[PDB]
């Protein structure tokens, strides 16, 4: 297990590191949900943890830990370990263990300041909000790690391409390749935003940073970063769920095309986060809008490919008429159950995002509690649930520890609660957003400030209780899996459960074209030079740096 696949170990450390992160970050959730239901439990939390000074220090850890530390680590686990196991190759271990220590040292470096109240700036850290230099230095190093993650997978692909000239990229690899490439293009904004401004700014080397340029450059990454969260799930959903589900991936090509399209349209769409900004041309915003409705196509595609697969998996295990196939599925199965539930809520999640996309409509919901509503369905439901369920096949595979009857049932427990709780919370937040309730606010410290929002508050609070149990149950579940001296090697070498693929004759021509990865990559690059170049050049001509503020 460890010594002809030590990748299993390096992979396992990305998980623990990540799951300890999701646990710590998550603690603040239940609180913030009640906070949105008009209850102040923060003296209660302040008495659990002496170091918390404000709602906002807590929302910062929560944003950062969960959405930045958890998700990247999961990404690293999945989008490196999966391709390696399909190809039956080892990554450069020297390089792989460098990526780990960089994600650990960046994490640590950043935390010290975060936990000391020197970076209460949210996971977006918009200037002139000026946090401690080690939080910028820490996050940068934390991100940069992913650059080794790109390289490593590119290497494995160079290696397999060579042993096999002419041959088509295997599916998971194909996916991991466009994924890491797309993520390299993404990360250019944030790195430039770090290298050119943030880092000098807090190092004392300049007294000021441009708010518009800073956010424009940040949103170059902060959109594709969410796809950088999703694909590792889509990867699993496409090539492993359908096995767990009792059937097959119905289309190899469609899954590549899906991901291709992500490589193309994930990065040039950032002014969707800036509809509400000055100094960016109305023409460009609409352009960025059309392209955003475009990046929604892959997922619309994904809905169909995936649905079919489950219908056929449920057909295979004797599923009946219009809906019969749904019952026939293995509902006893945490690995099956967790992302299928996530996928139900991904429906609404998406249908929100598209409202969000459509320029003029974004002035109804922008910075309300509706964006939270939205993204929780997305990253704290689907990505996280896919993550959660996946321990039930991935963790046995890493360590060789099997899952008992009860730990499974404890998991089923967690996932049905998490999902329901996430559903519920989405009603509240969406509802609250339409009633103009802003986000990122300590609203329970102004009790008579949203009196027309009485009801959705109930839901928030209710989701807060449910999801507190959800998380506690999970922490217990997780650690029982991790701290049992229960071990067998034979199922730890037992292969990952990859699905077989349905593949037609027409594939050939289509799949060969999508393999022209250098070309597709070049286009993606051009798409970003076209979509951001004009606007960036403008800004870089008329730079108005303003001093930093500390307001916590």
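Positions refer to the first chain, counted from 1. C-alpha atoms forming the largest set that superposes within 1.5 Å between two forms make up the rigid core.
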> What stretch shows more C-alpha movement in 4 other deposited structures of this protein relative to this form, 477-485 or 190-198, after the core is superposed?
Replying inline: 477-485
> Which is higher on average in the deposited entry, the C-alpha temperature factors of 496-504 or of 63-71?
Replying inline: 496-504
> Averaged over C-alpha atoms, is the B-factor higher for 407-415 or for 206-214 in this PDB entry?
Replying inline: 407-415
> With respect to the C-alpha temperature factors reported in the PDB entry, which of 131, 127, 373, 330 ranks highest?
Replying inline: 330
> Based on the PDB record, which member of 274, 173, 164, 356 exhibits the highest Cα temperature factor?
Replying inline: 164
>> Please say which third, lowest, middle or highest, residue 56 falls into when its CA temperature factor is compared across its chain.
In response: middle
> What third of its chain's C-alpha B-factors does residue 248 belong to: lowest, middle or highest?
Replying inline: highest
> By the record's CA B-factor, is residue 28 among the lowest, middle or highest third of residues in the chain?
Replying inline: middle
> If you rank the chain by CA B-factor, which third does residue 514 end up in: lowest, middle or highest?
Replying inline: middle
> Should residue 362 be placed in the lowest, middle or highest third of its chain by the C-alpha B factor in the entry?
Replying inline: lowest
